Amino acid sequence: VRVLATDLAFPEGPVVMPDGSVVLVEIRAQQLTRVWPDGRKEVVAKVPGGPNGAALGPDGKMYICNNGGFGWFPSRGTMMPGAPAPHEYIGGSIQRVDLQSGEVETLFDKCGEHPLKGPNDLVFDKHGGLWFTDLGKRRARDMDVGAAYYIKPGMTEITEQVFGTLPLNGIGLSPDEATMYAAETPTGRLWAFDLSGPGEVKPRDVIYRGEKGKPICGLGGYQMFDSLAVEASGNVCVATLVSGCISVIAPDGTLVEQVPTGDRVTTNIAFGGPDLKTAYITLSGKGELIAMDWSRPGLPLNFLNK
């Protein structure tokens, strides 16, 4: 276990480059940041609002889930995200950053007639379609439902694929891309959505209240999920809040293991390095990017690793 960088303002959305550098977002600093393996840092772009998740796109640009902004309040020695005051929330969107110029473009701020609320994380399929989660926003006495969306290849249009769940956070594709996984934050449940084809959830039979997917795993106790990354084996590695670990879930739902990280606010994971057997993990409470040896290889991401 190795600490690569410190003094990051709530790191998230790690994208591990082939050379082992990491481009990540700092939600509280509202920026996209390049982190080199020795700890030296460079700001790539200012991204006002709440840049929350990142993924390299087929056009070579860095696509960003912008949750619109958080309130920030001190808790357990860390500045934690909270419900934003109206003046702290500028609207959720999907954005794109030219890494060489720092230019930021806003691509979508609605799906149909409904504004996007709190876009969180995202993953590309091999065709260039873009899956992403919406965590929703919190307000003083209520909160938005979760959702998942798909933007068709070429960034032509956005469609609603999952709606009405609790806040959704991590999202990933199986190796064969026939299954999309969404992590539900407050319940610590990983939901598996069968796809009839690229970008299209195949609705499953309801279990209790309008479920479109299968809850293949739900952790016990007081454990919540954040973002995730998939292994070439098909296992889903989910950053686990409160207990502070990576939860490795097999495609069948089995809890393979839990890898402690030392931070109750462990938020994301991404694979890179030789054989993609290195796990790069954002400890957002401590403000750190860490590296860890992984026993199995990561799933190469489209347009970054393959």
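Numbering starts at 1 and follows the sequence shown. Between two forms, the rigid core is defined as the largest C-alpha subset superposing within 1.5 Å.
With 39 to 47 and 276 to 284 as candidates, the stretch whose CA atoms show the greater average offset from this form in 4 other deposited structures of this protein after a core fit is 39 to 47.
Between stretches 30 to 38 and 51 to 59, greater average Cα displacement in 4 other deposited structures of this protein relative to the shown form, fitted by the core, falls on 30 to 38. Modelled in this chain, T78 is nonetheless unresolved in at least one third of the other entries of the protein that span it on both sides. Modelled in this chain, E211 is nonetheless absent from a third or more of the other compared entries whose models extend past it on both sides.
Stretches 23 to 31 and 270 to 278 differ in mean C-alpha B factor, with the higher average recorded for 270 to 278.
With 167 to 175 and 70 to 78 compared on mean CA B-factor from the PDB entry, the stretch scoring higher is 70 to 78. The residue among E113, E157, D144, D134 whose C-alpha atom has the highest B-factor in the PDB entry is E113. Highest C-alpha temperature factor among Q100, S227, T106, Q161, as the PDB entry reports it: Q100.
Per the PDB record, residue ranking by Cα B-factor puts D125 in the lowest third of the chain. Per the PDB record, residue ranking by Cα B-factor puts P58 in the middle third of the chain. Sort the modelled residues of the chain by CA B factor and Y89 lands in the middle third. For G298, the recorded CA B-factor ranks within the highest third of the chain. Only modelled residues enter the ranking. Sorting the modelled residues of the chain by their CA temperature factor places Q223 in the middle third.
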